[PDB]
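A note on names: the letters A, B, ... follow the listed sequences, proteins ahead of strands, and every chain is numbered from 1.
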Amino acid sequence: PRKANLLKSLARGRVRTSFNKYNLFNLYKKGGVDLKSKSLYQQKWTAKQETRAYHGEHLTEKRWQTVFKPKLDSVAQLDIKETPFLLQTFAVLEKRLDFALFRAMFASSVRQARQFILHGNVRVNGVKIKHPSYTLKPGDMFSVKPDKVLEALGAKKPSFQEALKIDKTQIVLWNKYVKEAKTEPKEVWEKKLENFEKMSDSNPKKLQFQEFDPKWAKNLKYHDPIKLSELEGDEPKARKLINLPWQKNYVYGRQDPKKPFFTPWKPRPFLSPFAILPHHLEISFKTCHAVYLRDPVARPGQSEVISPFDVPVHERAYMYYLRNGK
Amino acid sequence: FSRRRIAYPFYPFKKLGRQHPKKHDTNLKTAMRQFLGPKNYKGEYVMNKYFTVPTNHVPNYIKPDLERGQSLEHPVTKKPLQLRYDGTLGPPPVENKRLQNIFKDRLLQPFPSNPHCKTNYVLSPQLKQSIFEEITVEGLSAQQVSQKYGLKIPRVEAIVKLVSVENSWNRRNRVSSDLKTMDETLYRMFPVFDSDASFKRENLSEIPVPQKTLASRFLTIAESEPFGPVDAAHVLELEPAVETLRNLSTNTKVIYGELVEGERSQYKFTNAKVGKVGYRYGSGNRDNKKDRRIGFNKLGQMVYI
Amino acid sequence: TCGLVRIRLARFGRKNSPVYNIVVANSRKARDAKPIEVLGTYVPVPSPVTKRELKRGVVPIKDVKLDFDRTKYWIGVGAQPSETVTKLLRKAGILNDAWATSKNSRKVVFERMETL
Amino acid sequence: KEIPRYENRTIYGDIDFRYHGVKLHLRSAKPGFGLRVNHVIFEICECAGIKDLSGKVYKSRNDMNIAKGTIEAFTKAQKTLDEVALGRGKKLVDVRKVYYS
RNA sequence: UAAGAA
RNA sequence: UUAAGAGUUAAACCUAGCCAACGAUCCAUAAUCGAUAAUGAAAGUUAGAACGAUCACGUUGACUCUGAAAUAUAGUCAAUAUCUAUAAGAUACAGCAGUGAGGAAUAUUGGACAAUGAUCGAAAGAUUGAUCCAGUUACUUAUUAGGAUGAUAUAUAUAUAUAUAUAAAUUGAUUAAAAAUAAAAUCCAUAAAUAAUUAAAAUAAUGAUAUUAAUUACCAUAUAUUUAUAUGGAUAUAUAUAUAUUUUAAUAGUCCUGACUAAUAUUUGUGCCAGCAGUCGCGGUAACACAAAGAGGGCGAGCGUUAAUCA
Ligand SMILES: [Mg+2]
Ligand SMILES: [Mg+2]
Ligand SMILES: [Mg+2]
Ligand SMILES: [Mg+2]
Ligand SMILES: [Mg+2]
Ligand SMILES: [Mg+2]
Ligand SMILES: [Mg+2]
Ligand SMILES: [Mg+2]
Ligand SMILES: [Mg+2]
Ligand SMILES: [Mg+2]
Ligand SMILES: [Mg+2]
Ligand SMILES: [Mg+2]
Ligand SMILES: [Mg+2]
Ligand SMILES: [Mg+2]
Ligand SMILES: [Mg+2]
Ligand SMILES: [Mg+2]
Ligand SMILES: [Mg+2]
Ligand SMILES: [Mg+2]
Ligand SMILES: [Mg+2]
Ligand SMILES: [Mg+2]
Ligand SMILES: [Mg+2]
Ligand SMILES: [Mg+2]
């Protein structure tokens, strides 16, 4: 396949199949594909450029042209809004295993899905499949190794040095808070209650709080300052030397530094913009399994081919690929 | 007419002015920094609206057009923020009126430029268990479960299989703590499928559109003749569209061979007919051609058909 | 083998991936020439069986497609099977032990069983 | 002007229209079929709401004359099903419209 | 299932 | 005469016909075709290399024997050209390798008969440049050829918008002018290697390919239905047994950016010269076209170009 090169260039502004932060900004600042003032060739070229940046960028042009189908598949409802037929231009890529994994959210990218497949972490209804080009048929159950999914969807595991520096900063801030609370508990209580009033109940802390005494400041205890130079290279030492109310007996992000993700598992940053539940898969996240129900179809007012581009862009790309760019 | 167009944001942002000779900066980088806000000592962007996942079954999809590209919020109070002239983040001078009355359809629209892409509805574990029990224990046919809960039949069968896999995994204590936290945070991100609502329940009368019908054909007939779906089906030489839904809701002689001790394989002979069985002579060779047939073995190995 | 008419195997498939037609052929024509009739197909590679299924006790399957009625006709009019085809037809029940040889001549773990 | 459209996506039948030196041959198309036509005609179809169309231009391929003549083709060389039915006193039924109820 | 351009 | 019709061949007799502007005769050119390949919306057009079918030939020509069938890769005679054995001799690589020549251009003087066939044999078996494998060659087609994260480095000080300062900061540029999330660093892999096994092609036995594929990262067994905890052989350690139990990556060209035709971030040299060019054309001091730097657009283990086919 193509070698990944400048997939997240801000200047180019192409949107990729990826939960990347730079990809998120590229999607955000995009707006729409500008087709005005352009000849028909320029329109088709712009459409092809953007849409192939999203749909199946890792495929070579000639391979994609071979696997491209003029046929577009739709369902008629026998029991009104216009069916967007030409959003199916790239539906054929959706039966590929590497795209199915990404739509199931078992990988952060189609590229990561390819790697998960190639490294033996994926199965299709029992049998290990190591080929991303594998195409699923309706009813096929596929699964991913849960650690791979948890790493794709989780936050990056920090290294020892980085986590240790972060924890040094944690200690400094905790001690500063303890000093401020001890000296002037009046204003600290006032600020705490005022902030509790300001915040929304969406935070769990507000619900727990709904669920003055000078003794409070007596409970707050300073935390000894750590210097990492002497503590460097010894993880068992720093683990026992860190004791804070939130993180207890482990260095930051490494509660169990033998798993491949931020160990107290929290979702990866900027996950919600790309959290989309597909219509053609059923996903069980406890088991990291999914079922491929059907090939994506277009129905009145909807297309199950997830894409960030409007119908005109896919129309122009389809016109491009009908004639091989003639 | 067409030139290269650096993908600057479509919304206003403060561009670079005079720059120190050694800054070596781009306006795109500043636009991204303003979109992201300050980065913590922990490598986090607490001030960005989209940094953290939702928790109330209301997806937090991007809205760069409604909010004028202002993505910053106070993480605790969730109130909008803006970058003042002096480089601080404070309340907007004026409040946005496009961010409060957002059409309910827009809240399920992942991408601002594609109105036709909408997120699906997650099924609650209670509903999934109900469907599993109905199908497996009470033996209710998938058609009536589909009708009762407003779910397409392949989705019902997929739910049954996935719940069976979940039951096995739970019986083996294979669902770790991380898996449960991931599942429940993902489950609280998406809207919950509601069986009772009419507009949230899947349409159950969909049939594939075959090539035969797609061509428009017209018949000129006497002004008063009735012409119904059955007559139309007869004209197009197809089954009527209702039997398609009805049928979608729902010998060869063989000889196994004698195995003896020490023989590593058995022979099964399937009866065939001369003129239909065999590899044909002078068949098209596609191995050097762009459409060469690739298949997969029962062990998942890529093979050449 | 002997005679003008012979039931034998004609090679098809790619390198390192043999498949065969069971064919009635003139003795002089080339192995892969168009025969008098194609009686069936033969895949010499057994169907893979999973390790758990080996614990269960399945035997790997070697797939043979064949037109039985026409094969009996060709045997009847005098066509002479090859050694490999003779083995194939003996285990299909078409030919009996009279076609066995001294080298090819034992306890039966399964019995030739015909299904519909 | 107002352009007749069948199902608000294509032209009713086929059109073989001469406008000065331009011979237009337009053909209605199925749903999902694109605008597979001359670029001038493509822009006019984009503005008019025609989604599905096939066609070919012969003799003159002057852009101005193509543009002008395609509009007379759409307005003058089309008859809706209602016009035909009322003129002939017959019922014109669309078989695909009735197959799906 | 038929597109043109200089 | 032939098994057999016929001016088919030979003999005799007759009649005066036969073909031809819807193209005879003559000349030139060419192996032919497909459920094969290319192309196209299709009619068609092209090819006839590969797979298959048919024909013809085995240095050239005629004849003859045998045979059911031969002007046979046989035999006779002659021609051409070479070898010696110098003879009413042999050979003719259009069998496989290989050489020279011609050419823009087309490979090993390879392995095995293990498989499928073929010949001989009663069989045991023997032979097989068929065939099956491997070698050479991007000639063609596939699949792989790494994901996630990533704009600084120092200091000082059950909460969480951490905040202060000191350094530096490559090319271009002075802001919509970028190169650039690109680097580097971080996390986690897999390939390769390293060891253990190890099927299948084939069985009654025989494996050229073959340092096989595949699997396991110490080895088994014992239950659950791939993930488990246990029992036993390893395992150095420290002191039978608490412990761990190989190592581990990342390697892209080539064309192009005046229009047709995707390529706006601008600069330098030349000066109707040098050159470029498919078409229009560009170059005469202000060159978006020449030769280059920066940036950019394609296609990608290929890219361009020439020759051709289809549209
Ligand atoms: Mg341009
Ligand atoms: Mg014999
Ligand atoms: Mg005669
Ligand atoms: Mg005569
Ligand atoms: Mg002539
Ligand atoms: Mg010739
Ligand atoms: Mg020809
Ligand atoms: Mg040939
Ligand atoms: Mg040849
Ligand atoms: Mg001859
Ligand atoms: Mg010769
Ligand atoms: Mg000759
Ligand atoms: Mg040779
Ligand atoms: Mg030469
Ligand atoms: Mg042999
Ligand atoms: Mg040999
Ligand atoms: Mg500089
Ligand atoms: Mg100059
Ligand atoms: Mg140029
Ligand atoms: Mg130049
Ligand atoms: Mg350059
Ligand atoms: Mg390739």
Within 45 degrees of the axis of the six-membered ring of B:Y304 and under 6.0 Å from its centre: does B:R292 put its NZ or CZ there?
->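 Yes, a cation-pi geometry holds between B:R292 and B:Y304.
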On the ring face of A:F25, is A:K29 found with NZ or CZ under 6.0 Å from the centre and within 45° of the axis?
->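 Geometry flag: set, cation within 6.0 Å and 45°.
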Could you check whether [Y] and [X] have their ring centres less than 6.0 Å apart?
X      : Y      : value
A:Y222 : A:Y177 : no
A:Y134 : B:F296 : yes
A:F270 : B:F51  : yes
A:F19  : A:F102 : yes

Classify the nucleic acid contact of [X] as base, sugar-phosphate or nothing, counting any heavy atom under 4.0 Å across all strands shown.
X      : value
B:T26  : base
B:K289 : sugar-phosphate
B:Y267 : sugar-phosphate
A:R323 : base
D:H39  : sugar-phosphate
A:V178 : nothing
A:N20  : sugar-phosphate
C:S102 : nothing
B:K29  : base
B:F1   : base
A:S143 : nothing
D:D63  : sugar-phosphate
C:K62  : sugar-phosphate
D:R36  : base

Separation between the [atom1] atoms of [N] and [M], rounded to whole Å:
N       : M       : atom1 : value
F:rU198 : F:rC96  : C1'   : 37 Å
F:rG304 : F:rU140 : P     : 13 Å
F:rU106 : F:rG98  : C1'   : 15 Å
F:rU194 : F:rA292 : P     : 48 Å
F:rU164 : F:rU158 : P     : 29 Å

RNA chain F: A:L6 or B:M302, which has the more 5' nearest nucleotide?
->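 Residue closer to the 5' terminus by nearest nucleotide: B:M302.
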Taking a pair to be Watson-Crick or G-U wobble with both distances under 3.5 Å, do [N] and [M] qualify?
N       : M       : result
F:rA265 : F:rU223 : no
F:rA193 : F:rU225 : no
F:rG89  : F:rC83  : yes
F:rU231 : F:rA220 : yes
F:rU54  : F:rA31  : yes

For [N], glycosidic torsion class - syn if within 90° of 0, otherwise anti:
N       : result
F:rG58  : anti
F:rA230 : anti
F:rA151 : syn
F:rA220 : anti
F:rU106 : syn

Distance only, no hydrogens: is a donor on one side chain within 3.5 Å (strictly under) of an acceptor on the other, for A:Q43 and A:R316?
->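 Their side chains do contain a donor-acceptor pair, which is all the 3.5 Å distance test asks for.
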Side chains of A:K192 and A:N195: is there a donor and an acceptor less than 3.5 Å apart?
->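 On atom types as modelled, these side chains do not qualify, holding no pair under 3.5 Å.
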Residue-phosphate contact under 4.0 Å: [X] side-chain N/O, [N] OP1/OP2:
X      : N       : answer
B:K290 : F:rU140 : no
A:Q49  : F:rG298 : yes
C:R11  : F:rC133 : yes
A:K130 : F:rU215 : yes
C:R8   : F:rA118 : yes

Base-over-base contact, [N] with [M]: centres under 5.5 Å, angle under 30°:
N       : M       : answer
F:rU203 : F:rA204 : no
F:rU144 : F:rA145 : yes
F:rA180 : F:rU181 : no

Does [X] contact [N] through a side-chain donor or acceptor facing the base, at a distance under 3.5 Å?
X      : N       : result
C:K103 : F:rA205 : no
B:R4   : F:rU264 : no
B:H24  : F:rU171 : yes

Ignoring hydrogens and geometry, is there a side-chain-to-backbone donor-acceptor pair from B:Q301 to B:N297 under 3.5 Å?
->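 Not confirmed, B:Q301 side chain does not pair with B:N297 backbone.
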Return yes if some donor-acceptor pair links the side-chain N/O of A:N121 with the main-chain N/O of A:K145 below 3.5 Å, else return no.
->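 Not a single qualifying donor-acceptor pair exists.
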Where does the sugar of F:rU84 land, north (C3'-endo side) or south (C2'-endo side), based on the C1'-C2'-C3'-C4' torsion?
->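 With a negative torsion about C1'-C2'-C3'-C4', the sugar belongs to the south class.
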Just wondering, more than 12 heavy atoms not from A:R2 lying within 6.0 Å of its CZ?
->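 Yes - once you tally the heavy atoms of other residues, nucleotides and ligands closer than 6.0 Å, there are more than 12.
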Within a radius of less than 6.0 Å around NZ of A:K168, do more than 12 heavy atoms belonging to other residues, nucleotides or ligands occur?
->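 No, because the 6.0 Å sphere around NZ of A:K168 holds 12 heavy atoms or fewer from other groups.
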Has B:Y8 got its ring stacked on F:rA176, by the test of a centre gap below 5.5 Å and a plane angle below 30°?
->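 It does: the ring sits over the base of F:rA176.
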F:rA159 pyrimidine/purine six-ring stacking with A:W174, under 5.5 Å and 30° =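 No, A:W174 does not stack on the base of F:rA159.
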Any-strand Watson-Crick or G-U partner of [N], both distances under 3.5 Å:
N       : result
F:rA107 : none
F:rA74  : F:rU64
F:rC299 : F:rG253
F:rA214 : F:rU197

Roughly, in whole Å, what's the span from CZ in C:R52 to P in F:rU215?
->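 That distance rounds to 19 Å.
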Leading and trailing nucleotides of RNA chain E with any atom under 4.0 Å from heavy atoms of chain A |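 The footprint of chain A covers E:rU1 to E:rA3.
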